[PDB]
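Visitor:
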């Protein structure tokens, strides 16, 4: 796993693969969840522990939390998605802020039954996960963390759902239904591959 | 009477309670190094909105200070104990980043305080200097001391003197000018401050 190698071996270097992926992924995933951190303010927060701009207290805290959640997801690569894992992600994400189980079980079982994981598998997983809506809040962001995990674990294109096309993301999700994931598949396919965009950082 | 109103009307929009909290915390936190402006503190307290430039520690300790303030008001007339101070300290530093004469001397200070026949501003000033000299915690000693000072004033229906930040550092200079047995500088500093109750008299003497 050439990409994963560089990624895991650069965690404590600024402008490194790990920190670029972290910054980019979180900027977009958080902004889609309503965060008001600019890309500059997010870097300042992550690198220097300094808050700037106008934010709800929840935005500040969840943004800080999303940093720990990202690290946990990278640390957990190749671990099975379980209830403990998903609950832990959600609990970390909302720390210090203001028939689900059977359906989730069925989804996870379906996922690990696949001969191979593809972007199509990941899109179907994402839609079904969001349709289940297992948590009271934060389902979108938890689902996107899981998409990232699944892309990294299987050496697939790293497609970062983007603020620039956030409308396309949520509207393509809404346009899916059980048995039809084409709108989301097409959206994800339209996205640039992070690995290629930043090939200079790892190959 | 002031205290009755302070508690009674606390839930009003921009209540006397909120004004006291905002004014006390703005100064107590700024003296401790917070960079929240008066405007940004009000936005945080009233609307849970963070503005300006701050360390994450500053944001968190400022938020913690709001809860600690509520705790202090909620527990008026309850005695200052070692555990009480430990709890204020723990809450103030929550979610952030010889030395053993402290326990008896702090215990001595507490028993000395509750052995007084009448609590005055003089007693409160002496308590404050001795508390800060003892310096029982690694951090937050100034803020905890000022919380305790406010508690002592409220509990004894004394003039409410809010220690203020100013460009000349008059409060810190008054503390540093004191010595054991000489609290005149701090007593005089507190004497020079206006009574909060008077400054906001239309918020509790009106009706």
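Residue numbers (the authors' numbering), protein chains in the order written: chain B, 3 to 100, 129 to 233; chain A, 4 to 100, 126 to 235.
C-beta: ideal position from N, C-alpha, C; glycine also.
Can you tell which of 69/A, 213/A, 172/A, 164/A has the C-alpha that lies nearest to the C-alpha of residue 21/A?
Guide: Position 18 of the second chain, counting from 1, holds the residue named residue 21/A. Answer by Cα proximity: 69/A.
Visitor: With H, G and I counted as helix, E and B as strand and the rest as coil, what does DSSP make of residue 147/B?
Guide: Counted from its first residue, the first chain places residue 147/B at position 117. Correct three-state label for residue 147/B: coil.
Visitor: The alpha helix (DSSP H) spanning residue 163/B covers which residue range?
Guide: Counting from 1 along the first chain, the entry for residue 163/B is found at position 133. Here residue 163/B belongs to no alpha helix (DSSP H), and DSSP marks it neither H nor E.
Visitor: Quick check: is the beta carbon of residue 38/B nearer than 7 Å to any beta carbon in chain A?
Guide: Translated into the one-based positions of the first chain, residue 38/B becomes position 36. So no, residue 38/B is outside the interface.
Visitor: Going by the beta-carbon positions, is the gap between residue 190/A and residue 165/A smaller than 7 Å?
Guide: Within the second chain, residue 190/A is the residue found at index 162, counting from 1. Within the second chain, residue 165/A is the residue found at index 137, counting from 1. No, they are not a contact pair.
Visitor: Within 7 Å of any Cβ in chain B, is that where the Cβ of residue 52/A sits?
Guide: In the second chain, the residue the question calls residue 52/A occupies position 49. So yes, residue 52/A belongs to the interface.
Visitor: For residue 58/B, decide whether its Cβ has a neighbour in chain A, counting only Cβ atoms nearer than 7 Å.
Guide: Position 56 of the first chain holds residue 58/B. Output row for residue 58/B: interface = yes.
Visitor: Rounding to the nearest angstrom, what Cα-Cα distance links residue 97/B and residue 55/A in this structure?
Guide: Looking up residue 97/B in the first chain gives position 95. Looking up residue 55/A in the second chain gives position 52. Approximately 23 Å, taken between the alpha carbons.
Visitor: Residue 33/A: which of 144/A, 192/A, 130/A sits nearest, CA to CA?
Guide: For the purposes of this step, residue 33/A is taken as residue 30 along the second chain, with counting starting at 1. For the residues 144/A, 192/A, 130/A, the minimum Cα distance to residue 33/A belongs to 192/A.
Visitor: Given this structure, state the Cα-to-Cα distance separating residue 185/B from residue 44/B, to the nearest angstrom.
Guide: By one-based count along the first chain, residue 185/B stands at place 155. By one-based count along the first chain, residue 44/B stands at place 42. Straight-line Cα distance between these residues: approximately 27 Å.
Visitor: On a CA-only basis, which of 25/A, 207/A, 57/A is nearest residue 50/A? Give me that one, please.
Guide: Taking the first residue of the second chain as 1, we reach residue 50/A at position 47. Nearest option by C-alpha distance: 25/A.
Visitor: For a contact meaning CB atoms closer than 7 Å, what does residue 98/B contact in chain A?
Guide: Within the first chain, residue 98/B is the residue found at index 96, counting from 1. By Cβ distance, chain A contributes 98.
Visitor: Give the secondary structure of residue 210/B by DSSP, where H, G and I count as helix, E and B as strand, and everything else as coil.
Guide: Numbered from its first residue, the first chain carries residue 210/B at position 180. Strand, per DSSP.
Visitor: Can you say whether residue 65/B is buried or exposed, counting buried as having 16 or more other CB atoms within 10 angstroms of its CB?
Guide: The residue you call residue 65/B lines up with position 63 of the first chain. Buried.
Visitor: Go ahead and pull the three-state DSSP assignment for residue 13/B.
Guide: Taking the first residue of the first chain as 1, we reach residue 13/B at position 11. Correct three-state label for residue 13/B: coil.
Visitor: In the DSSP output, which residue or residues are listed as bridge partners for residue 189/B?
Guide: Translated into the one-based positions of the first chain, residue 189/B becomes position 159. DSSP output for residue 189/B lists 223/B as bridge partner(s).
Visitor: Anything in chain B within Cβ reach of residue 62/A, meaning under 7 Å, just list it in chain order.
Guide: Locating residue 62/A in the second chain gives position 59, where the first residue counts as 1. What residue 62/A touches in chain B: 53, 62.
Visitor: Could you pull out every residue in the same chain whose Cβ sits closer than 7 Å to the Cβ of residue 228/A, ignoring the five residues on either side in sequence?
Guide: Within the second chain, the letter at position 200 stands for residue 228/A. The answer, listed in chain order, is 19, 22.
Visitor: Using a Cβ-Cβ cut-off of less than 8 Å, give me the residues of the segment 64–95 of chain A that come near chain B, in sequence order.
Guide: 66
Visitor: For the segment 168–178 of chain A against the segment 208–215 of chain A, are there 3 or more C-beta pairs whose distance is under 8 Å?
Guide: At 8 Å Cβ cutoff, the stretches do not touch.
Visitor: For residue 140/A, report the span of its alpha helix (DSSP H) as first-last.
Guide: Residue numbering aside, residue 140/A sits at position 112 when the second chain is read from its first letter. Residues 130–142.
Visitor: Spatial neighbours of residue 152/B within its chain, please: C-beta separation below 6 Å, excluding the five flanking residues on both sides.
Guide: Position 122 of the first chain, counted from the first residue, corresponds to residue 152/B. Within the same chain, residue 152/B has close Cβ partners 177, 180.
Visitor: Can you check the segment 43–94 of chain A for any alpha helix (DSSP H) of at least 4 residues that lies completely inside it and give the ranges in chain order?
Guide: 59–77
Visitor: Does DSSP put residue 179/A in a helix, in a strand, or in coil?
Guide: Your numbering for residue 179/A matches position 151 in the second chain. Here residue 179/A sits in helix by DSSP.
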